[PDB]
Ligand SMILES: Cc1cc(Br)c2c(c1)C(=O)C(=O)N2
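This document starts with one chain, in the form solved without this ligand, laid out as structure tokens.
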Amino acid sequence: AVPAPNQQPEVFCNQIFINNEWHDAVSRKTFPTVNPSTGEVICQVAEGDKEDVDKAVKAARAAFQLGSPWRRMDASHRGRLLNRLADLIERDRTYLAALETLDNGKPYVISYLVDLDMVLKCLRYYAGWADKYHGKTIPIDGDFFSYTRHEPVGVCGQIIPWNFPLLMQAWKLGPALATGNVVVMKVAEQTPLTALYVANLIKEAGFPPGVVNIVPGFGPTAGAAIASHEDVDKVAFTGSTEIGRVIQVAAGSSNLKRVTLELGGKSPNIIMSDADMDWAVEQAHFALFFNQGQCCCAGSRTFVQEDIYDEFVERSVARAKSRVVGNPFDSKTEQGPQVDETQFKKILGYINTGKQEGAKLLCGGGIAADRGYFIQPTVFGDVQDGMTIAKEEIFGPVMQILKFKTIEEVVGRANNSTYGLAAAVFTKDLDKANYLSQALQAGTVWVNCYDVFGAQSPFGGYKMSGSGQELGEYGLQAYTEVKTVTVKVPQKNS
């Protein structure tokens, strides 16, 4: 039951957010944000750079000073604030879902029922962790009393992508604020509006000034500024596998700040011959096409056992062909446009490459509309491991279907990737499910499902898909600094 959207919601926030106040860039510059559905400019936004980053960091550091309102604050209170911010977001749910769609391209139905529900659940989950992440009392040798304090890491620089603007923001603020850190966030140039509106809600929630600071702008400028700043204690980057390397270098050459990376992937979705055909087909479609195929963990390599390959493909193609593309605000729209022209062209290039390599184009394969960045649901069959489309993250509505015979075979081929973010297995057999979930080198392995993220389930990657984690109790580790206090006592006893 989705409330009717305002297909052209007004933009109330388009500036830099520091100390709970809106500022223009020092350079007084801005940049336009495009509506991927029309190609039209939604509005202008403050273009932050080094100087603005510096303004943000100092404000954060100041809010993190020993004795500040944020530091003395009871941990249970931080939880109270997170729950408050969630209630505000829920109040403005219909608006945010709309604004998210207007700037990202994704279906308003998805933004409301999915994106925003997950935002709410994420913030409410972490609110609960605020006063529940205990330190330890250690039974060290000798007459001593030793314990640990889990203190905040400090000023945390967070750079987030555009595929899930509001959600990525929540996944980062949630653990950081629950553990007492301060944030200097850089949002994507493609989708900065929703994040900024939330910063307004952060102020209304009652968070002390400087606790959360958002700086919209470009990656080479603002992003690198944060990653290089001498006063930033930790930087968390989430995006392309290429930019991540830049960040780890700029961070290790600046002040040895802690660095966590969340990169892309070429996640394998294995369908064994005994899988529920109807279920497998529908999930494999969802596995890839979800969010215009713009998912870090997208099932971009659909491995199918030979005995059921033909039937699977036939059904897959039918599902692709029936997938409705169009205005994200229309309730019947399943797939919206791609985020921007760059990606739009980048995808078309991959499709072209797929054709060049001998991959059998089964459906779609070109522009889906003369206005906006829409691409038809494309499906490539008889894909080989050596093909480009079977190795490089496409990040679009392009499905690759590979055929395999043995289970021993598919494990090797699935694991034969520089990536290892996620993977999935569709089978009715107990042994096969356990065999594969253990053999697959992936941060997350789904059985008879895909893209099932719980605010309580960790999300990390193996190999070059990343390091460290988001969501779950493990998420608190990365934003926590451990101090050991060892006191000399008169005489220790058990």
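Note that residue numbering begins at 1 and tracks the sequence as displayed.
Averaged over Cα atoms, the B-factor as recorded in the entry is higher for 30-38 than for the other of 433-441 and 30-38.
In this crystal structure, the stretch out of 415-423 and 146-154 whose C-alpha atoms carry the higher mean B factor is 415-423. The PDB entry assigns its highest CA temperature factor, among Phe404, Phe329, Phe237, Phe344, to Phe237. When the Cα B-factors of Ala225, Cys363, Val398, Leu348 are read from the PDB record, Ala225 comes out highest. Compared with the other modelled residues of the chain, the Cα B-factor recorded for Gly372 ranks in the highest third.
The entry lists a Cα temperature factor for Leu261 that places it in the highest third of the chain's modelled residues. Among the modelled residues of its chain, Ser253 has a C-alpha B-factor that falls in the highest third, as given in the PDB entry.
Annotation for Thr241: C-alpha temperature factor in the highest third relative to the rest of the modelled chain, per the entry. Among all modelled residues in its chain, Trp70 ranks in the middle third by Cα B-factor.
Heads up, the form solved in complex with this ligand isn't pictured, but that's what we're talking about next.
Interface membership of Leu201, defined by any non-hydrogen atom within 4.5 Å of this ligand in the deposited complex, is ruled out. In the deposited complex, this ligand sits beyond 4.5 Å of every heavy atom of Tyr373.
Contact between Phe290 and this ligand in the deposited complex is found at the 4.5 Å heavy atom cutoff.
Contact between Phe64 and this ligand in the deposited complex is not found at the 4.5 Å heavy atom cutoff.
Of the residues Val211, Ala284, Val155, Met168, just one reaches this ligand in the deposited complex with a heavy atom at 4.5 Å or closer; this is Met168. Of the candidates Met118, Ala368, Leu81, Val259, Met118 is the one whose heavy atoms come within 4.5 Å of this ligand in the deposited complex; the others do not. Of the candidate stretches 330-338, 122-130, 175-183, 290-298, only 290-298 contains residues with a heavy atom within 4.5 Å of this ligand in the deposited complex.
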